[PDB]
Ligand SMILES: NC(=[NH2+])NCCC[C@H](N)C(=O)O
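This document opens with one chain alone, in structure tokens, the form deposited without the named molecule.
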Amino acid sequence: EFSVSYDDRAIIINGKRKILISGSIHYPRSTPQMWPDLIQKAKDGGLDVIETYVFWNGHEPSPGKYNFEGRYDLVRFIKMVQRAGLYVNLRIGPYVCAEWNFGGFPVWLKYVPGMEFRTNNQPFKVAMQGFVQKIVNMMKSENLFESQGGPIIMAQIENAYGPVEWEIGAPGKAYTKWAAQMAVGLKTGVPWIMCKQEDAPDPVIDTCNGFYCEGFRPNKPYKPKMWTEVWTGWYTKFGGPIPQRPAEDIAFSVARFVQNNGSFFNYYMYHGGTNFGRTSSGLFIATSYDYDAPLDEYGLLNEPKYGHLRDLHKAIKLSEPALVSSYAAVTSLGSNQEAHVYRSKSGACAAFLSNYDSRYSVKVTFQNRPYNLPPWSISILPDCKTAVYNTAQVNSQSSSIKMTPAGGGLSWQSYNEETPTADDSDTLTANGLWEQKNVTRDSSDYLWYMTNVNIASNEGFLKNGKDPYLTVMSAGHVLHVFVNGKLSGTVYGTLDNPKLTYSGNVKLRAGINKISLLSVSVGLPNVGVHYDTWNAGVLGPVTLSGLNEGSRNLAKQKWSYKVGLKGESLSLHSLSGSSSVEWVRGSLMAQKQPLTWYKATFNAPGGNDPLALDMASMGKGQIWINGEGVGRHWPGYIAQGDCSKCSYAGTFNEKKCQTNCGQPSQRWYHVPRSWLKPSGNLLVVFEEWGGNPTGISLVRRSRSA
């Protein structure tokens, strides 16, 4: 009475085959106050299924101490989908990639003894099985699986482990075996899937991800053809442009897949959202997760893409009866034109007329009628006759975005951050350089390295107007070199090269000298074989040269450590622990100073609109509102990349339609109304680089045609 299964044609919910349309929405990348609106917009967008990852490190920050409150209430979210009459594809992982901090693993797991991630490792296996069954049990015990009348029609184990397995060989294959048996062994009564996993054992369905997945078939002829990630654009990286994917192209790619026995297809993302706080975004991943998704980062309709995929869906749902009661038969129409036809014994008949020419329109003749086909398009004919839809004929209105002010300036106070120097009292030292995560345990982005440099009077450069040459190599991702409380300079990396080098002249008077290195991380890596074994922080080499000696290796001497900022230790970001300290009001408030906290109370503007903070006057740091981290800001990181103009037609790659070059990577920083009170709201910014807070404005977001 309540079962979901499959055959060679589709997933089978309660005995019937379904052509399921899905979309991705990650619950922590929005707020619970938004979830109903998103979900409603999704359903009205033509969606039958809501897809989401589970965010393990979000859910178990401490070993033992679990979190499921607020925007991490996973159970709350799914029931909100069920109340909408939509199904859920629950991609549990626990590895999730997702452009999410460390790929979803909690950092503490790294330091469990004997541990190795994503392999045939028994400490990893027990931990993963633990969190997985914990999550399956949770679903079970609120009867959320379709087996029990709930919305979960399938669950995913691991995530795209196939390419990693190829690289690591035998233990990888053992591991995927273990993971599949372990996951189905939880006896969920709905099917399990793995993406990018041809290896996948019965009864698990292997799926694919990509911009296009139409030539995919799964690894047994009795499993159905499922597309778990239709990439609806790309992610934004700090220092990169805003990537876009044209809607005619997404439609063509989906039509192409459905036309050749596509049965299940999920957009990634449908709502991308925001990487709030400092434990969400991954290595160099912008705070904005817009992704050119059908619902934009703020929850608004991204037209025309939203409406165009809505209409695609409508044409599919008209075709669905023919589609579940027949198979795809192809017929040549031309050198780059085909027809894919689903003729049922019953008599239902749907056909897809396609034109793979990326340059020229084409007219074909199909069952006595002509049909024009624009370049790079498919027409859907749910009755083998009427061309109700064509992937390239967009009949929704465009909609430009307007970010319009709502503040125009506020009343700011400033508190300046300690610039620490090495000290004989210092608690936490060692005789060499320590890897950052090992010291901070991802407790803060910031990790001070401090050491003493003895400079005697004999030294030659003291008489002449010379300076000695300091050279600091570090695994990433930002570095500020401080020489006797003097900031000498700042260096930073990229998503593809987070390693950095400072090398320059430093003023060292006679006596003991104080070298202080602040070493910043920008999220942790989330993808790559053994990505969890890459380093952050300074591990050198570190050398001082131009002296009576040749060069002095500062890496073989004593170093002191301070984890995080003093302002963090005083919790200057919260409601309670905010006014513990000496803040500076009025004209004395610091401009263009590095390592500076700011403060301001504001009232919630008028309107329904969603709101962001314009941060273009700022450099880099973290934003907080009423003690809740909006997330990192880095407008000082201007976007690089070849981003010339775009046509929907032709094979899409993610660099094809890029926008926003020469501008801040992210300038507007989404503020959830869900977090504001009508008056008395606390805004706390830690500016890292240097900025002018009097430029910080709120803005209202609105789209018009």
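We number the residues from 1 along the sequence you see.
The discussion below concerns the form solved in complex with the named molecule, not included here.
Visitor: Which of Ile515, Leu595, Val542, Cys208 has a heavy atom within 4.5 Å of the named molecule in the deposited bound form?
Guide: By the 4.5 Å criterion, the partner-contacting residue is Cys208.
Visitor: Of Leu554, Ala155, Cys213, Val481, which residue is found within 4.5 angstroms of the named molecule in the deposited bound form when only non-hydrogen atoms are counted?
Guide: Of the candidates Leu554, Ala155, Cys213, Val481, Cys213 is the one lying within 4.5 Å of the named molecule in the deposited bound form.
Visitor: When the contact criterion is heavy atoms within 4.5 Å, does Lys620 count as touching the named molecule in the deposited bound form?
Guide: Result no; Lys620 lies far from the named molecule in the deposited bound form.
Visitor: Going by a heavy atom distance of 4.5 Å, is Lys562 a contact of the named molecule in the deposited bound form?
Guide: Close contact is absent here: in the deposited bound form, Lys562 is far from the named molecule, nothing within 4.5 Å, heavy atoms only.
Visitor: Taking the shortest heavy atom distance, is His573 within 4.5 Å of the named molecule in the deposited bound form?
Guide: Judged by the heavy-atom cut-off of 4.5 Å, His573 is well away from the named molecule in the deposited bound form.
Visitor: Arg71 versus the named molecule, in the deposited bound form: is there a non-hydrogen atom within 4.5 Å?
Guide: No.
Visitor: For the interface check, one of 628-636, 453-461, 507-515, 213-221 should have non-hydrogen atoms within 4.5 Å of the named molecule in the deposited bound form; which one?
Guide: After filtering at 4.5 Å, what remains is 213-221.
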